[PDB]
Amino acid sequence: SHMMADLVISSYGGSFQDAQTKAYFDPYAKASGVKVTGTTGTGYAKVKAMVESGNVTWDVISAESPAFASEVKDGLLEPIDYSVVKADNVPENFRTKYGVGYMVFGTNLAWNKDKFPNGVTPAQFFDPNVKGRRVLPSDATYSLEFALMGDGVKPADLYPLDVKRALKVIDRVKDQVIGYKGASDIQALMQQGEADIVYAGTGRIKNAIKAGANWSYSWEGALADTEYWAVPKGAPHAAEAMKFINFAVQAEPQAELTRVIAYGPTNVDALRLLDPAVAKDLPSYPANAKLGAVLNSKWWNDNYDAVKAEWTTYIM
Ligand SMILES: O=C(O)[C@@H]1C=CC(=O)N1C[C@@H](O)[C@@H](O)[C@H](O)[C@H](O)CO
Ligand code: NA
């Protein structure tokens, strides 16, 4: 097998995609001689539509664990070729039949420092007396766990999610929620000063700060999740996709990703390559982990369809 066209990788755009281009896409292109083209739009609904039409234009996707669970459940993915993906320094739990866990990321409460000098706690985010333009994630995933922790549900007691309660909690501040947005849209709103309080990926928050946004954040009520490399069923360059995944999950590219954006590696040999201070900005850091929870992809696997049908009518 050899690439005669570009290898198309679907991700989330903005600063995270810039980080993937710098750590993974351009280094892979240089190492292999493959032309690599990053695109946006990754998500369960789009992967489903594309795979079922038989018009697969994405060779690799980046999938968050609930989207990945739905994709696996619908048989939308090629099994990973582990004769090609060789990464024994990536723990076996991340090397799944249909995807390779390559990143651990937190989703955190962040606030504009000038609007909130004393910060914002998850309880304050869901307090109608606290005035501020709020932005929640675009889907029910992450949003529901945040609402529940904001309402005093202990991280250890999160799952099974009390969906009715979570929606009643969001109801308290719904009139102050300006949007249910994707990661790139949230970072843009922070930088432009069009939002005052958000729930977003740590890397997006810290990149907005790097760009001059006077915002702060905390690990209180944060939700950690795993991101996977997967290959849509019927991907025209499925074998080439395996070679990219193999390259990308090695210690050095994984370290280059965490160098540019505050998301964590799955490769155990990546952290010794990085500044020891990066550890403290990751979900696995014990002082951080105790203040939030880890997304339960088994619960989402079993409840996503029911939650989605409700969420759509809820935001509309
Ligand atoms: O793009 C990012 O920086 C981060 C990094 C991994 C990831 O899946 N991200 C997106 C999620 O934080 C989030 O935007 C999610 O896709 C939406 O809320 C819809 O489920
Ligand atoms: Na979401």
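Counting from 1, the numbers follow the sequence of the chain as shown. Indexing begins at 1, ligand by ligand and atom by atom, following the structure's order. Both backbone and side-chain heavy atoms feed into the values below; hydrogens, waters and symmetry mates do not.
- At under 3.5 Å, not a single nitrogen or oxygen of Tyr142, backbone or side chain, sits near a nitrogen or oxygen of ligand 1.
- With respect to the salt-bridge test (charged N to carboxylate O, under 4.0 angstrom), the residues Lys168 and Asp151 do not qualify.
- At a cut-off of 3.0 Å, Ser138 does not coordinate the Na ion (ligand 2) through any N, O or S atom.
- Remark: minimum distance from atom 16 (O) of ligand 1 to any protein heavy atom is reached at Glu64 OE1, 2.6 Å.
- Each of the atoms 20 (O) of ligand 1 lies under 4.0 Å from some heavy atom of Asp139.
- Nearest to atom 18 (O) of ligand 1 among the protein's heavy atoms is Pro137 CB, 3.4 Å.
- Contact annotation: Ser138 has at least one heavy atom less than 4.0 Å from an atom of ligand 1.
- Interface of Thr141 with ligand 1, defined as ligand atoms under 4.0 Å from a residue heavy atom, comprises 20 (O).
- Looking at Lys206 and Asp281, a side-chain N of the basic residue comes within less than 4.0 Å of a carboxylate O on the acidic one, giving a salt bridge.
- Under the 4.0 angstrom criterion for non-hydrogen atoms, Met103 is in contact with ligand 1.
- Between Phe16 and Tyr263, the ring planes are perpendicular. Angles over 60° get that label, and only those under 30° would be called parallel.
- With respect to atom 4 (C) of ligand 1, the closest heavy atom belonging to the protein is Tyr263 OH, 3.5 Å.
- Partner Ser65 forms a side-chain hydrogen bond (donor to acceptor under 3.5 Å, both in side chains) with one of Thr141, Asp225, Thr226 and no other, that one being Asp225.
- Judged as a ring pair (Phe, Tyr, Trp, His ring centres under 6.0 Å), the pairs with a partner in residues 169-211 (not counting sequence neighbours) are, in order, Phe146-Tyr199, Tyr180-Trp311.
- No more than 12 heavy atoms of other residues, nucleotides or ligands shown are found within 6.0 angstrom of NZ on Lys22.
- Residue-ligand proximity, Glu227 to ligand 1, at heavy-atom distances under 4.0 Å covers atoms 6 (C), 7 (C), 8 (O).
- Salt-bridge annotation for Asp139 and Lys308: present, with a side-chain N of the basic residue lying under 4.0 Å from a carboxylate O of the acidic one.
- No N or O atom of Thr107 sits closer than 3.5 Å to an N or O atom of ligand 1.
- Among all non-hydrogen protein atoms, the one lying nearest atom 12 (O) of ligand 1 is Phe105 CE1, 4.0 Å.
- Taking the centre and axis of the six-membered ring of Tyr285, the NZ or CZ atom of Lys290 falls outside the cone set by 45° and 6.0 Å.
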